[PDB]
Number of protein chains: 2
Amino acid sequence: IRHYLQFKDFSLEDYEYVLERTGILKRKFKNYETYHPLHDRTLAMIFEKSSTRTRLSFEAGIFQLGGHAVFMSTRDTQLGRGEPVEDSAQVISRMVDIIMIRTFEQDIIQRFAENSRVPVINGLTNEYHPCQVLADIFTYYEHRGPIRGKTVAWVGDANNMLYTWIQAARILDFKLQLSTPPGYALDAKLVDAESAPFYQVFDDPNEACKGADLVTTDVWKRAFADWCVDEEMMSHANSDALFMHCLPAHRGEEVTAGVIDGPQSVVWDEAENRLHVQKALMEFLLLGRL
Amino acid sequence: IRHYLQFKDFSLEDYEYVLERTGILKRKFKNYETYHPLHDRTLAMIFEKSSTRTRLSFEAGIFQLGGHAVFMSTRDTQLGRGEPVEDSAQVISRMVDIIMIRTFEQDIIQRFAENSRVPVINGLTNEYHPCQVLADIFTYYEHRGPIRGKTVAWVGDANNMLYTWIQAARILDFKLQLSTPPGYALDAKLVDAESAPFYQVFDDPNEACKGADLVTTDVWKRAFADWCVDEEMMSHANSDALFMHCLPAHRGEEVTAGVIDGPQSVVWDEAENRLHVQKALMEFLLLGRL
């Protein structure tokens, strides 16, 4: 059983395949071609943190592959609290073919996975958000070609997106340049020492953006003010740099309207591409390589 | 309405597309992937010259694409005799989506096509056999890579296969080297003068095979004896040359058992590939490029 819990669960080879499948399945999507490799297959969507966006992307995605997603959300309990992790994992994986969990803690999805008969996908935890970084990287390929050797700048809080980017940089061999406000820096305990050669920390976010091919941030306040991605910051990056932001976005906080609504922003395509990479993920976890 | 009556009906660009589709659809075939772009579509197979082989290849091919082939063969009449060409074309093309005709004369399939509401494919005439040369060239790609600039040797009678090869040489820009017995040479009236730069005639078939990447012949007798493709003849070609023969074959006539049953022969793969190129043909004529 393979799972998709952290970006580093897949090898370079895995990603080369999945990214190519993503483009192929997207073309089938845009060609209204009927392709149902997952006919009669069920995905359990376990949401403990709400997102319609991600419900839509997974739900429409497996439908388009011939399968069906079941939305599982409870108000008053959660895995590891008021629901026993193993009980849920053993029973649910006996009924469905694949499972997605969006929750708070990586430890919980990991423990669940350990007792699951079927593949488990991380739809977001406090620690990692591999599906979005995957979509981000696919979006880059589409607009700018392969990301290898390119420079990605991260400006903002050290949050699940950043830790995921760090893992990606190592695996896909690109350069990550990051800058955070002084008290919201990387937790050196949550960063693999093996990834040190692939990222660099800057005190000034404007320096981190110099020569960037991709500039990205996320939602976080009086302290983050110099870490707002504005148009002057963007001007430090390469002229054809892309701006990505994982949604939702708060205009006037992490980012200006000028940037996210500007000509370098690909945030909508980037959100759309969650649908396409997640379809490739599910196909790959269930069918392997063709 | 586009038709497929002669090899030269398609451009270089058309062939690059169709050959790539052929490989893609063959992979779907080998992956047991359900792909039915031709669902609810009908092919009329009009056979005035019998071939189970070609009935199988077209019939199984459209089935695998979700459609259905209707076998139409009469004992006592034929198009242009006892059946009016236009009457058949007007009525049949009102009922089906695509038509294949295997018959004697190119003039007849051409006249039929002129009055057909749907695409017409030449499944073989006395003058041309484009589906087989297409399969032959696909088979070459599979085993040896793109045919461009390569050398194809034709040894034997000047028959529909040869005239088709000549058209192919011009379009795909490879070198054709041909040799026939003195009285069974090219009919200069049936050869486009524009294709002269792409073929060369040799009095000695062994010379025609020198430096060949592909050696090929067909069924035709006391005169053809020096034009038998044997192992000494094959030894004149490049060491990794392929031997192709459009089936059926008569061992001990045009070709030896030693050659056609030998390690350079790809005649079975070549016959199989009629199925795959013809599926790409039908998809292309009905759907165009994706």
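Residues numbered from 1 in each chain as written, not as in the entry; some residues may be left out. Chains lettered and ligands numbered in written order. Heavy atoms only, no water. Residues with missing side-chain atoms left out of burial classes, pairs and counts.

This entry, as listed in the PDB, derives from X-ray crystallography and reports a resolution of 2.1000 Å.

1. With respect to a negative patch on the surface
Residue and element names in this part refer to chain A. How we decide: Each patch is built from residues that are more than 30% exposed by relative accessible area and take part in no salt bridge. Like charges join if they lie within 9 Å; nonpolar side chains (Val, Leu, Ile, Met, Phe, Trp, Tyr) join within 5 Å. Computed with a 1.4 Å probe, the accessible areas rest on the Shrake-Rupley method; for each residue, only the protein chains presented here act as cover. Whenever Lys or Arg places a side-chain nitrogen within 4 Å of a carboxyl oxygen from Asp or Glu, that contact is recorded as a salt bridge. Counted charges follow a simple rule, with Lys and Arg positive, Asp and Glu negative, and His plus the chain ends left uncounted. Taken as the charge centre is NZ of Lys, CZ of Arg, CG of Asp or CD of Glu, depending on the residue. Think of it this way: any DSSP run of H or I at least four residues long counts as a helix, any run of E at least two long counts as a strand, and we number them from the N terminus. Note on exposure labels: buried denotes an accessible area under 20% of the residue type's maximum, exposed denotes more than 50%, and partly exposed covers the range between, all computed with a 1.4 Å probe on protein chains only.
On the surface, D203, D204, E207 and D226 cluster together into a negatively charged patch. Within the fold, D226 resides in the loop between β10 (214-217) and α8 (231-234). Classification of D226 by relative accessible area gives exposed; the value is 56%.

2. Some thoughts on the packing of helix α1 (residues 12-30) of chain B against helix α5 (residues 130-144) of chain B
Residues and elements named next belong to chain B. Operational definition: Note on geometry: axes are C-alpha line fits, over the in-contact stretch for helices, and angles between N-to-C directions span 0 to 180 degrees. By the definition adopted for this analysis, an angle is roughly parallel if under 35 degrees, roughly antiparallel if over 145, roughly perpendicular if from 65 to 115, and oblique otherwise. Working rule for handedness: look at the near helix, and if it is turned counterclockwise from the far one by less than a right angle, call the crossing left-handed; if clockwise, right-handed. Whether two residues are in contact is decided by their heavy atoms: any pair within 4.5 Å suffices. Side-chain classes are defined by residue name, with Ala, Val, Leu, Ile, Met, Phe, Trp, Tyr, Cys and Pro counting as nonpolar, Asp, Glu, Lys and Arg as charged, and the others, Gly among them, as polar.
Where α1 contacts α5, the two axes come as close as 11 Å, and the packing angle between them is 70 degrees. One way to sum up the angle between α1 and α5 is to call them roughly perpendicular. Considering only the axes of α1 and α5, their crossing is right-handed. Contacts from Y15, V18, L19, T22, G23 and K26 of α1 reach α5 at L134, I137, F138, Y141 and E142. Here the contact of α1 with α5 is built from residues that sort into seven nonpolar, two polar and two charged.

3. Considering the sheet that holds strand β7 (residues 151-155) of chain B
Residue and element names in this part refer to chain B. The condition that has to hold: Here the rule is simple: two strands pair whenever DSSP picks up at least two bridges between them.
What the five strands build is an open sheet, ordered β9-β8-β7-β10-β11; its pairing is parallel. Either end of the sheet is taken by a strand with one partner, and the two such strands are β9 (199-201) and β11 (242-245). Strand-to-strand twist of the sheet, defined as the mean angle between neighbouring strand axes without regard to direction, takes the value 20 degrees. Where helix α6 (residues 160-172) meets the sheet, it contacts β7, β8 (175-179), β9 and β10 (214-217), and its direction lies at approximately 155 degrees from that of β8.

4. Topic: the pattern of salt bridges
Residues and elements named next belong to chain A. Enumeration according to the criterion identifies 26 salt bridges over all chains in this entry. In this structure, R21 engages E283 in a salt bridge whose closest nitrogen and oxygen atoms are separated by 3.0 Å. Just as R21 is buried, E283 falls in that class too. Residue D97 pairs with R41 through a salt bridge whose shortest N-O separation is 3.8 Å. Within this pair, whereas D97 is found in the loop between α3 (85-95) and β5 (98-102), its partner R41 is found in the loop between α1 (12-30) and β1 (42-47), the two being separated by 56 residues in sequence. We classify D97 as partly exposed; its relative accessible area is 23%.

5. Examining the relation of the copies chain A and chain B
What counts, and what does not: Alignment of copies: least-squares superposition, C-alpha atoms only.
Superposing chain A onto chain B takes a rotation of 180 degrees plus a shift of 0.0 Å along the axis, which leaves an RMSD of 0.0 Å. Here the copies are linked by what is in effect a two-fold axis. Closest to the rotation axis within chain A is the C-alpha of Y35(A), separated from it by 3.5 Å. A share of 100% of interface residues in chain A that are also interface residues in chain B marks the association as one of identical surfaces.

6. Looking at the pairing of β5(A)
Residue and element names in this part refer to chain A. For clarity, the cut-off: If the strands point away from the viewer and the path from the first strand over the helix to the second runs clockwise, then the crossover is right-handed.
Among the five residues that make up β5, five are buried, leaving the element largely enclosed by the rest of the structure. Burial of the side chains of β5 extends over both faces: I98, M100 and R102 are buried on one face and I99 and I101 on the other. In this sheet, β5 lies alongside β1 in parallel orientation, the contact comprising five bridges. The residue of β5 that forms the bridge with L43 is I98. Bridge count for β5 against strand β6 (residues 120-124) is four bridges, and the pairing is parallel. If you follow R102 over to β6, its bridge partner there is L124. Between the parallel pair β5 and β6, the chain is carried across by helix α4 (residues 106-114), and the sense of this crossover is right-handed.

7. Concerning the packing of aromatic side chains
Residue and element names in this part refer to chain A. We apply this condition: Stacked, tilted and edge-to-face pairs are distinguished by plane angle, under 30 degrees for stacked and over 60 for edge-to-face with tilted covering the rest, among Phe, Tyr and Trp rings (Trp via its six-membered ring) whose centres lie within 6.5 Å. Only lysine NZ and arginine CZ atoms are considered, and such an atom sits over a ring when it is within 6 Å of the ring centre and within 35 degrees of the ring normal.
One pass over the full model with this rule turns up 14 aromatic pairs over all chains. Ring geometry for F10 against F284: centres 5.3 Å apart, planes inclined by 80 degrees, an arrangement best described as edge-to-face. Grouped by ring-pair contacts, the aromatic residues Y4, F7, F10, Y15, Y17 and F284 constitute a single cluster. Between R55 and the ring centre of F71, over which it is positioned, the NZ or CZ distance is 4.0 Å.

8. Here we look at the state of the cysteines
Residues and elements named next belong to chain B. Convention followed: The term disulfide is used for any two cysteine sulfur atoms that are within 2.5 Å.
The full count for this structure, using the stated rule, is zero disulfides over all chains. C131 forms no disulfide, and the closest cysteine sulfur to it belongs to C246, at a distance of 11 Å. Distance from the sulfur of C228, which forms no disulfide, to the nearest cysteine sulfur (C209) is 11 Å.

9. Side note on the pairing of β11(B)
Residues and elements named next belong to chain B. What you see with β11 is no split at all: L242 and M244 on one side and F243 and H245 on the other are buried throughout. In this structure, β10 lies alongside β11, joined through four bridges in parallel fashion. Counted as the bridge partner of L214 is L242 from β11.

10. Remarks on unusual backbone geometry
Cis geometry is found at the peptide bond from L247(A) to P248(A), where omega equals 5 degrees. The residue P248(A) is located in the loop between β11 (242-245) and α9 (257-260) in this model. Despite not being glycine, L124(B) has its phi angle at roughly 145 degrees, a positive value. Tracing the backbone shows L124(B) in strand β6 (residues 120-124). Even without a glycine there, the phi angle at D173(B) is positive, about 55 degrees. By secondary structure assignment, the location of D173(B) is in the loop between α6 and β8.

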